[PDB]
Amino acid sequence: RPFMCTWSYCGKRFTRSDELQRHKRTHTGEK
Ligand SMILES: [Zn+2]
């Protein structure tokens with residue numbers, strides 16, 4: 001699965017691109 005978050009500290013792979021969008025959406029700060 002070519003879906004991995006860029007957050008190194010995160011250390012978690014994904015199966016859907018949408019996940020990273022929303023998950024990363026709150027990886028830091030708040031936005
Ligand atoms: Zn992540």
# chains A, B, ... in the order shown; residues from 1 in each chain; ligands from 1
>>> residues_around(residues="stretch 16-28 of chain A", least_positions_apart="4", cutoff="10 Å", atoms="only C-alpha atoms", output="PyMOL selection string")
chain A and resi 1-7+10
>>> write_last_selection(atoms="C-alpha atoms", output="PDB file, in the first residue's frame")
ATOM      1  CA  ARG A   1       0.000   0.000   0.000  1.00  0.00           C
ATOM      2  CA  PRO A   2       1.582   3.298  -1.190  1.00  0.00           C
ATOM      3  CA  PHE A   3      -0.155   5.320   1.529  1.00  0.00           C
ATOM      4  CA  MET A   4       2.183   6.456   4.304  1.00  0.00           C
ATOM      5  CA  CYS A   5       2.037   9.640   6.366  1.00  0.00           C
ATOM      6  CA  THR A   6       5.061  11.937   6.100  1.00  0.00           C
ATOM      7  CA  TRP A   7       5.161  12.449   9.872  1.00  0.00           C
ATOM      8  CA  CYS A  10       3.917   9.203  13.595  1.00  0.00           C
TER       9      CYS A  10
END
>>> select_by_dssp(residues="chain A", states="strand (DSSP E)", output="list in words")
residues 3, 4, 13 and 14 of chain A
>>> select_by_dssp(residues="chain A", states="alpha helix (DSSP H)", output="compact mmCIF listing (two decimals) with N, CA and C atoms, in the first residue's frame")
# COMPACT_ATOMS: atom_id res chain seq x y z
N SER A 17 -5.56 6.90 0.78
CA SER A 17 -4.99 8.23 0.68
C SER A 17 -5.82 9.23 1.49
N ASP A 18 -7.13 9.06 1.46
CA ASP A 18 -8.04 9.94 2.19
C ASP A 18 -7.70 9.99 3.67
N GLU A 19 -7.28 8.85 4.22
CA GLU A 19 -6.92 8.78 5.64
C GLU A 19 -5.87 9.80 5.98
N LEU A 20 -4.76 9.76 5.27
CA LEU A 20 -3.67 10.69 5.52
C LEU A 20 -4.14 12.13 5.41
N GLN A 21 -5.04 12.42 4.49
CA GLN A 21 -5.54 13.77 4.33
C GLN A 21 -6.19 14.23 5.63
N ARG A 22 -7.18 13.46 6.08
CA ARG A 22 -7.89 13.78 7.31
C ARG A 22 -7.05 13.53 8.56
N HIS A 23 -6.32 12.42 8.59
CA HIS A 23 -5.49 12.10 9.75
C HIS A 23 -4.40 13.14 9.91
N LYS A 24 -3.68 13.41 8.83
CA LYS A 24 -2.64 14.43 8.86
C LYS A 24 -3.27 15.78 9.17
